């Protein structure tokens, strides 16, 4: 049993190394330390100072350089005794302050232990290097093991959820959030791998479920400056089981796909993988039929300066993508058309509009336009007209307008984005057709979405994702509350709304409601909207802030701190408009897939309700599902902003812990009886402290109370529970600090 064999990879890779002795005496020391900021020239930077003296109210300690510093006891960030360095659950720490928390994580990370629990959370820190802990052999060890029985691991929580499902006959969910590059998708792939193995039918389905993700990653992921394989969409995966606990199906819900990346990428960034995949991967024959060329030949791929990802073979990836498509069930016809769509979008992007003639646009050369039409299976003349001379309703009149270049290009871009987003939707729907079962007994759903987003510039998409995160954090908060009460009961012992409403309130109206309102008027502008927003909430709603000088931004006080959003283009983003003429053009496509994107109301349209109203609706459905499950929380954290291993940056790390709810949870916990130990566990270690108790007594509680009594500990500091002894913050450390 690798769990008992100190020489296994299980041991090397997932546990703190254990030597011969276990004895208390080993960790004994006179030294008491404190965590201090060697400079409030930082604040996540701390150093360990050794208390060299104390007064009845403050401590005095030496710095690294040797300087004596003084601290208020009540302000001291006491260092936990050495024995706690490395614990698998932060809930086991006696002193729960921030630096203390960061220290435990760091000690673990330094040994390549990337997983650590924090109470109900599993904290996962990207190592930025491959650690061989996800082999079948590792899968096996986690089978049927309790949380307390094995090292922290994504497989562990996956197991705990599968067992809960079977035992409680209750659906479950794993919410995996955090920053781009944190490891959400990776951990999500592991959850599914684990499940397919512990519950799979020793298989076509399983194979299909597994191959679905590669398909979706090809079309929804792209290299960004934060992740070579960034998910540009969020997702909720339902892994479906029958009542015997075998995988019976699956479903995928996608959200907020970044359609704009199709038409623009920042420097060093890439468009979606697929484009590169098809271009590298297509057969010298397919190219001819697709009018393909190198990336440098396409405006949609030649602006960023990066057409390739280090250590990635687009051609090889294409092969994997086509394979998945085959496994899942996409017909080669269907497959050709998908590629046609990709090709077509690239041709659309190579369309150059020119002026002069007047103020209106024209197409001198039509090669691009033609290539695009050929691939799409639409009429080039119909296309050309719909782009530059769409018929617009003037109330009674339906008159064609001659758009200028700008407007013309914008339109083209809109066409591309609609094509891309609809295609994606269609892909999801197709995958669901194959995988999904209307006949499921139970499910375990996985949500892999970003956590709060606070960038240099925050826009409509950020507001959406942050709104979701306010709801998830509040979901967490409510849950922690139940679970903690429960705990206390079992042993016999003792702001989101406001932000939420500001955003999605109906009466008085919140941001999205005012946004929808403005959305009804053709002539509204960025300025009309922001003024309206300030009008309703500036100095009037406590979570809102009108800026001192900017005229195009506004701030929302979020759980994670204030976020400033800029309003540019919000009206447009809310309506996501597409000229009706273009809809007409495409509805007549001779392509089999194309036609679905424009003639299936479930793909071609929202309801119509705005983008905001749809987002709010989708989010409420999601929450509603979640509410029916037993949830599990994984907070993935990036160690630094450079994608490097062995470089865990305190400020980078603490800031994520402040935003993702881990430190708040601990704050909450630290206040009561953070430490809770099984009687026998206590004696096993502390027996030697009292002139009385036998390491292995049969009256474990008594035994406990014995030691306690010996030590004259303050009764207020602990609580006799049915199966464990509950200890207030710090108590346990002092106990540990006790002479034998």
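Numbering follows the first chain given and starts at 1.
Is there a break between residue 494 and residue 495, and how many deposited residues does it span: none, 1 to 3, 4 to 9, or 10 or more?
The entry leaves 4 to 9 residues without coordinates here.
Using the PDB record, quantify the missing residues of the deposited sequence between residue 607 and residue 608 as none, 1 to 3, 4 to 9, or 10 or more.
Missing residues, residue 607 to residue 608: 4 to 9.
Please compare 311-319 with 110-118 and say which has the higher mean C-alpha temperature factor in the record.
In the deposited entry, the stretch with the higher C-alpha B-factor mean is 311-319.
Comparing 386-394 with 218-226, which has the greater mean CA B-factor as deposited?
Per the deposited B-factors, the answer is 386-394.
Checking the record values for 713, 683, 28, 64, which has the greatest CA B factor?
Within the set 713, 683, 28, 64, 713 shows the top C-alpha B-factor.
In terms of recorded Cα temperature factor, pick the maximum from 453, 92, 354, 553.
Top of the list by C-alpha B-factor: 354.
Compared with the other modelled residues in the chain, in which third is the CA B-factor of residue 287?
Highest third - that is where residue 287 ends up once the chain's C-alpha B-factors are sorted.
Residue 305: which third of its chain by C-alpha temperature factor?
As the PDB entry reports it, the C-alpha B-factor of residue 305 lands in the highest third of its chain.
Using only modelled residues of the chain, where does the Cα B factor of residue 100 rank: lowest third, middle third or highest third?
As the PDB entry reports it, the C-alpha B-factor of residue 100 lands in the middle third of its chain.
Ranking the modelled residues of this chain by C-alpha B-factor as given in the entry, is residue 370 in the lowest, middle or highest third?
Highest third.
Relative to the other modelled residues in the chain, which third contains the C-alpha temperature factor of residue 666: lowest, middle or highest?
Lowest third - that is where residue 666 ends up once the chain's C-alpha B-factors are sorted.
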